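Protein chains in written order, with the deposited numbering: chain AF, 310 to 360; chain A2, 2 to 69, 77 to 82, 86 to 98, 103 to 119; chain AO, 2 to 148; chain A5, 35 to 257; chain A8, 2 to 125; chain AS, 2 to 187.
For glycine and all other residues, C-beta sits at the position ideal for the given N, C-alpha and C.
Some notes on the structure that comes next.
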Amino acid sequence: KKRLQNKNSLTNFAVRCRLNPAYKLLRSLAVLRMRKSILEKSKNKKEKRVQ
Amino acid sequence: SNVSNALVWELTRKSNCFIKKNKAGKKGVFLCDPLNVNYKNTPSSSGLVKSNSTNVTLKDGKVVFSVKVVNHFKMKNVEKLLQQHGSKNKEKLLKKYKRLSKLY
Amino acid sequence: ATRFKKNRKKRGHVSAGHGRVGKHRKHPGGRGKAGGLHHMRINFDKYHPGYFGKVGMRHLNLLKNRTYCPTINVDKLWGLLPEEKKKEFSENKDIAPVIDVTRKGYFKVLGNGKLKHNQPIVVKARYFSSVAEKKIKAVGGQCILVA
Amino acid sequence: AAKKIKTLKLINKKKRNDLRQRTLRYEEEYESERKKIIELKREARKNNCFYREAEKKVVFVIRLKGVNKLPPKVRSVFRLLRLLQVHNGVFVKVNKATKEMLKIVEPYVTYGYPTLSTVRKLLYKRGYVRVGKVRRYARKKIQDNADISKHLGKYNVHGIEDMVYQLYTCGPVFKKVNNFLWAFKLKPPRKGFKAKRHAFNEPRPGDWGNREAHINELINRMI
Amino acid sequence: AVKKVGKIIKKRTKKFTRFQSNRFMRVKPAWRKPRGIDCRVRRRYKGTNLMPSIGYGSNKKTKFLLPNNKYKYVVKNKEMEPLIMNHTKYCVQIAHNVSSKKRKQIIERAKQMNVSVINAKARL
Amino acid sequence: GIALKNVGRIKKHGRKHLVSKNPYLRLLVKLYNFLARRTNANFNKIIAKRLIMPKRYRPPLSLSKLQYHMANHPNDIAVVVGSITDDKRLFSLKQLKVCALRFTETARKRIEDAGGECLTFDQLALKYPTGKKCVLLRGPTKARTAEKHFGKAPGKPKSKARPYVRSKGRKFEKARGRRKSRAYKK
RNA sequence: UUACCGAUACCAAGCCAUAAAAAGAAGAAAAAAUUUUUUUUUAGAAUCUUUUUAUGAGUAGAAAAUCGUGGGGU
RNA sequence: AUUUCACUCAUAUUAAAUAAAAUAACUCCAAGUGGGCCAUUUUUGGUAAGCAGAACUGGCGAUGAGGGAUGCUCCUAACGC
RNA sequence: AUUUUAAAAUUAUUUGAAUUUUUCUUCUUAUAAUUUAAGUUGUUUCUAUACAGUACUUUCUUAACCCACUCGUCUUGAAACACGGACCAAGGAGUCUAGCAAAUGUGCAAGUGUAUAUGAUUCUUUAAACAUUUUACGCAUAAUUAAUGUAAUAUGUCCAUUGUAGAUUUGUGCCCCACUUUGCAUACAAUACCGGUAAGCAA
RNA sequence: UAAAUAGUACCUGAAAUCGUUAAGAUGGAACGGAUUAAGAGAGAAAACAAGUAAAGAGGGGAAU
Numbered sequence: 310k311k312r313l314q315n316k317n318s319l320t321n322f323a324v325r326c327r328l329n330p331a332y333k334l335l336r337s338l339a340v341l342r343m344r345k346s347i348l349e350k351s352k353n354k355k356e357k358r359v360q
Numbered sequence: 002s003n004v005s006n007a008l009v010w011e012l013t014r015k016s017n018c019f020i021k022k023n024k025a026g027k028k029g030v031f032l033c034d035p036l037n038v039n040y041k042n043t044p045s046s047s048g049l050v051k052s053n054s055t056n057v058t059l060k061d062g063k064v065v066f067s068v069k077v078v079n080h081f082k086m087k088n089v090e091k092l093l094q095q096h097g098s103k104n105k106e107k108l109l110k111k112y113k114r115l116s117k118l119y
Numbered sequence: 002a003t004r005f006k007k008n009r010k011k012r013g014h015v016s017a018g019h020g021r022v023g024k025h026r027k028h029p030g031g032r033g034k035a036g037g038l039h040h041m042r043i044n045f046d047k048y049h050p051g052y053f054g055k056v057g058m059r060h061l062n063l064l065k066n067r068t069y070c071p072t073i074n075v076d077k078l079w080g081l082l083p084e085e086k087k088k089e090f091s092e093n094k095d096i097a098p099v100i101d102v103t104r105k106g107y108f109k110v111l112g113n114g115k116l117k118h119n120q121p122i123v124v125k126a127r128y129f130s131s132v133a134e135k136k137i138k139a140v141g142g143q144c145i146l147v148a
Numbered sequence: 035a036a037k038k039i040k041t042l043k044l045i046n047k048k049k050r051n052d053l054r055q056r057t058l059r060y061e062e063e064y065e066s067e068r069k070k071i072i073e074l075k076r077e078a079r080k081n082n083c084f085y086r087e088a089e090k091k092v093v094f095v096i097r098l099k100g101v102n103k104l105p106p107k108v109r110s111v112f113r114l115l116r117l118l119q120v121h122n123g124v125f126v127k128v129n130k131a132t133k134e135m136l137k138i139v140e141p142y143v144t145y146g147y148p149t150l151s152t153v154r155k156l157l158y159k160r161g162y163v164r165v166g167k168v169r170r171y172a173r174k175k176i177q178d179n180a181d182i183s184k185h186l187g188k189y190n191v192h193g194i195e196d197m198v199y200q201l202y203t204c205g206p207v208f209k210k211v212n213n214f215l216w217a218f219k220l221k222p223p224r225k226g227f228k229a230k231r232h233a234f235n236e237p238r239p240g241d242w243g244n245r246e247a248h249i250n251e252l253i254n255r256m257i
Numbered sequence: 002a003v004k005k006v007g008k009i010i011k012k013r014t015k016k017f018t019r020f021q022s023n024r025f026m027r028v029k030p031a032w033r034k035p036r037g038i039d040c041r042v043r044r045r046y047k048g049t050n051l052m053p054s055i056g057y058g059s060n061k062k063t064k065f066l067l068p069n070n071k072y073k074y075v076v077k078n079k080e081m082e083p084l085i086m087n088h089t090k091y092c093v094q095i096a097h098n099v100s101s102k103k104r105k106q107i108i109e110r111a112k113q114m115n116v117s118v119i120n121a122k123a124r125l
Numbered sequence: 002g003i004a005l006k007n008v009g010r011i012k013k014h015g016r017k018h019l020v021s022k023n024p025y026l027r028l029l030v031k032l033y034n035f036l037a038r039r040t041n042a043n044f045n046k047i048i049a050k051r052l053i054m055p056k057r058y059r060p061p062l063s064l065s066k067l068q069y070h071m072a073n074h075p076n077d078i079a080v081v082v083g084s085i086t087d088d089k090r091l092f093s094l095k096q097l098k099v100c101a102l103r104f105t106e107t108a109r110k111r112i113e114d115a116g117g118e119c120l121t122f123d124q125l126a127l128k129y130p131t132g133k134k135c136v137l138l139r140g141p142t143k144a145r146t147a148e149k150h151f152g153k154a155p156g157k158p159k160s161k162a163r164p165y166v167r168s169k170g171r172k173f174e175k176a177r178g179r180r181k182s183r184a185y186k187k
């Protein structure tokens, strides 16, 4: 087959999801991790250091 | 036997009296068989290699019709003869005739 | 056929394909076979060992016409005669061919080959070999002298 | 004559789901390893005992000098280890014999422990694959999984994260994966080397030698 | 410098001249490959009559076609029959050894054939 | 640059085209190479390769050897790339089915009388394109005389190379280095 | 100690040539006017056509494709 | 010691590793070549020499590109556009 | 014009479920399109409302930043304070023959070549083509020894020496590999058999 | 006389060389390679206009 523009397998979301079937799951988990509030850490910063 | 349609191609492709090359533009190569719908030098279209074929050409002022064994004839009449001896190329030949007609 | 020569491909090459440092000189080694036993001896000793020295007694005027004797192996005898006569001779168990090889132009009969078992043949030749005679008589054939 | 297309489609779907499960197990394994190493080091510090982690068993190596003016043994070892250009890079298994032959090429190379993010980046970004018939490979970028399943899927490693795991952990399959994977072509650094002409462990600035955990930083500009 | 015009991409101009053809009349501008020993050009010194090589060859997908996006083809007396079909691809040039009468008839036939002519105004 | 043997260009060895400028054979190779390309049978590949060999490697094969080699299985058809020569050293022949390029009128008459038929490569292609029930044979390649001058140089210890000589008398290359009496021997 | 400038080396892309490689001995598309006309093509050449990859230095030296000149049949 | 039979010794990563390992192996025909030189290291004679003579390797010659102001051999690096 | 398709993702439905616990949360049952898929597409001007111009493409001459030592030659080393070259036009050098070998192509093939020469309503071109009554010769079919000379299994049977691999081939588990069948060519050997010379015998 | 730029060095009349006119350049070499910019020459075959109505000159072939 003809060679096409080789899509950047590192940023192009569609081709990356084609390559790794679980990337959208992993990124959704990352978004859920990052989308948390700040009061939890604001009140656990000591609890995770005094221990 | 001793000759065949495929056979004659390998004797004509090099040494022929009807092949004209283009000295200035090397891409040019043409074949002037009076049984060629198109002048491309190929064994799938050359008049002297096809089992039976036909086209339209000019012969000293008038358009002349020829059908391969080599019957010589003289637009409605053109199409009626074409369907009389019919076998893409049909409409291409009709278009070729209509373009060749305009020429003096 | 001159433009097919190798030289016609090296017109602009100064050396003409005969070297630059060494240069092309007339008769470098020496004219003819001059290098025998002095400096070209390695070639003779490597490709034509027995070239030098003389061996054997002398035949004064050989007159090769005397000892001329074409040779035929014993197996080709059947092939000499036509194949239809071969078939009829093979068919019949009462007739055997006679091959006077002098007519064909052959003189000696040699024993190489393998004849057809249980079939006699008559042979007439100026000379025979012992093994050829053994082969011929082992299958009922006969060797007949001629001159 | 048409059932084949749908059968192939279900085959593709099955492969996709199996690869999904495989990469989930691999992601489990990575975090398990990190937790284990952290807790083991903490326990070691808690008690009066010491904990050392074994060498990573896989080393990424890059060639530094050109082609001219090399010892014949050095050039033979380069050609045997597949370091042909001046910025080619390859992975190598760690064995005492392999390290011994690397010892006679240390001055012209830079080798170290991979780490996971940079090996993933190298596979996705600069990765290239031998595709065709043997000795006629005709290097080609990955962009897919069809060819990798076609030639390498026999050993049930069809996919890309399968390659990622099989590389970051010294597993059953190296002589296949490393032979399959064309030598990485690397871009010059974003800032530059320190000194091609001096060793790294020398107090003077220099680069050639053993970099262990540091190689990932320079790879992040090699890319 | 490479010249870019439409789709034909030419990589070089300034038809190459023989080395030393400047200060020696007997050396004609036609290019040759000097053999020499210490002949500079063979050594490829920095900036001195660089020599032709295969790399300058244009793309075969567009190689021989003329700025008219159309291959040229020579004609002599009446040989226009093989031109009827490919009128969009081949332009026609009259051979320089054609008299005025024959050239006039050729130009007459070609203009109504609707095929361009290069040297239309030749010897008239 | 790169450290590659032969700068990384694959080099083969052999004929890349038929230098033989003969229209019928050119057509024939156009047929068999196409058969090899389409099919997956090594038979067509081998026969297409063998139709390209030089004249010195499609050697004659004698009727005696051909019949001897078919003596094991009688129902198959022989394919030999070169021509087959008739041998007068043979007495009778039995029901042989062959396919070769050229023949000899004596051999043709002999085989027709035997009752077989001369299959030409066109008939071979039309009948058995998959190589079924056909055994491939070729005559002795290296038995030709020019190979008698090959190998170790004549004059090498334990060499068996015919040396170029104008004749074979008693004064032509028979004295020095060949008999113990005159210097060494061989 | 950073930051920099710095190659016909390196990387990405394009094109040429060589070598290898995968493969091959018959059908309508679009646009513009206004359903009908016009406008361009409708390809099949095996020492070829399509496509992929790699490589690309050279004196003496060898081979191939080539371009011309005096003639000669065709 | 030989022949024929038993039986079977990892072979699914392949009787260690790694291998653009079959760009191999062979045969034939043939040109040039057959005055060398420089460099790190070893070393002979001579006080020494840009000397005379050897050694493992690389270059130069056969080769340009960037640098050492400049240089046949130094450093980087070997050249399609 | 029979992989610019498949899925891959996105939207909007629907399906069951899930879990990190929900507005980029994920896995598909079924639907229709989008493209981040499946190598740059669209919009507005200008060229420009002209037939040669100041524009546009190109040749040439001038300048400008950077670089660049007279070529050819023998030479380890050439620009050399090494040699030939004031300039121009024409001529100017790996050819021909005998013989051999090798490579290639062709015909024929155990035969091959028709040599000198012969016949012919050939007898501008024809100093070429055509043709050659039932072992002429060269080269090859069989070698070997100074040499008189001798001369390749051996009549059990038109089997055609024996091994190790080895191309094919017929089949078992119309496309692989393992199992028996044939064993090309060749490679490495072994056997016989002919001449020669030894040795034993020897009418 | 068709031509005298065919005028007895008489078919064509290149090169080294020299002359004239024009344009340009000119601080111990000139010429050049690669990139241009300005000038001076030329140039319509892509460098815009197919068809549509009318009239001037032409032309052709089929129909009888």
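Neighbour list for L28 (chain AS) in chain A2, Cβ cutoff strictly below 7 Å: When 7 Å is used as the limit between beta carbons, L28 (chain AS) is near these residues of chain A2: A7, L8, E11, in chain order.
Let me check understanding here. Comparing Cα to Cα, which of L91 (chain AS), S182 (chain AS), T131 (chain AS) lies closest to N43 (chain AS)? Ranking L91 (chain AS), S182 (chain AS), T131 (chain AS) by CA distance to the CA of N43 (chain AS) puts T131 (chain AS) first.
Could you please tell me which residues of the region 151 to 162 of chain AS, in chain order, have their CB closer than 9 Å to any CB of chain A2? none
Any chain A5 beta carbon closer than 9 Å to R325 (chain AF): yes
Which value, in whole angstroms, describes the spacing of the CA atoms of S63 (chain AS) and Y69 (chain AS)? About 10 Å.
Name the residues in the region 106 to 119 of chain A8 whose C-beta lies less than 8 Å from a C-beta of chain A2; which are they? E109, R110, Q113, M114
Where residue 172 (chain AO) and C70 (chain AO) are concerned, what is the direct C-alpha to C-alpha distance, given to the nearest angstrom? Chain AO is shown only over 2 to 148; residue 172 (chain AO) falls outside these bounds and no answer can be derived.
At which residues does the alpha helix (DSSP H) containing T41 (chain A5) begin and terminate? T41 (chain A5) -> alpha helix (DSSP H) spans 37 to 80.
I53 (chain AS), DSSP secondary structure in three states: coil
Note down, in chain order, every chain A2 residue with its Cβ under 8 Å from the Cβ of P60 (chain AS). Simply none; closest approach about 27 Å.
Count Cβ pairs between the region 53 to 67 of chain AS and the region 128 to 148 of chain AS that sit closer than 8 Å; are there 3 or more? yes
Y52 (chain AO): which of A184 (chain AS), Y185 (chain AS), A176 (chain AS) sits nearest, CA to CA? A176 (chain AS)
Report the CB separation of residue 258 (chain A5) from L117 (chain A5) in whole angstroms; it is logged as a contact under 8 Å. The structure shown has nothing for residue 258 (chain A5), since chain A5 only spans 35 to 257.
Please classify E195 (chain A5) as buried or exposed, where buried requires at least 16 neighbouring CB atoms within 10 angstroms. buried
Between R160 (chain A5), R238 (chain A5), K175 (chain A5), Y199 (chain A5), which has its C-alpha nearest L313 (chain AF)'s C-alpha? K175 (chain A5)
Would you say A339 (chain AF) lies against chain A5 (beta-carbon separation less than 9 Å)? no
For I3 (chain AS) and chain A5, any beta-carbon pair shorter than 9 Å? yes
For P24 (chain AS), which residues in chain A2 fall below 8 Å Cβ to Cβ? Correct list: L8, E11, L12.
What runs of the beta strand (DSSP E), each 3 residues or longer, lie entirely inside the region 26 to 100 of chain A8? 72 to 76, 91 to 95
Between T57 (chain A5) and chain AF, is the shortest Cβ-Cβ distance under 9 Å, so that the two count as touching? So, interface residue.
Report the CB separation of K102 (chain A8) from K71 (chain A8) in whole angstroms; it is logged as a contact under 8 Å. No, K102 (chain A8) and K71 (chain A8) are not in contact; Cβ-Cβ is about 27 Å, not under 8 Å.
Which one or two residues does DSSP pair with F94 (chain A5) in a beta bridge? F125 (chain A5), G146 (chain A5)
Is there a Cβ from chain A8 that is less than 9 Å from the Cβ of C18 (chain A2)? no
When you compare the CB positions of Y119 (chain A2) and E82 (chain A8), do they come within less than 9 Å of one another, or not? Cβ distance not < 9 Å, so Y119 (chain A2) and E82 (chain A8) don't count as in contact.
I need the straight-line Cα distance from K115 (chain AO) to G36 (chain AO), nearest angstrom please. 51 Å
Could you pull the start and end residues of the beta strand (DSSP E) that residue 83 (chain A2) belongs to? Between 82 and 86 in chain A2 the model has nothing, and residue 83 (chain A2) is one of the residues in that span.
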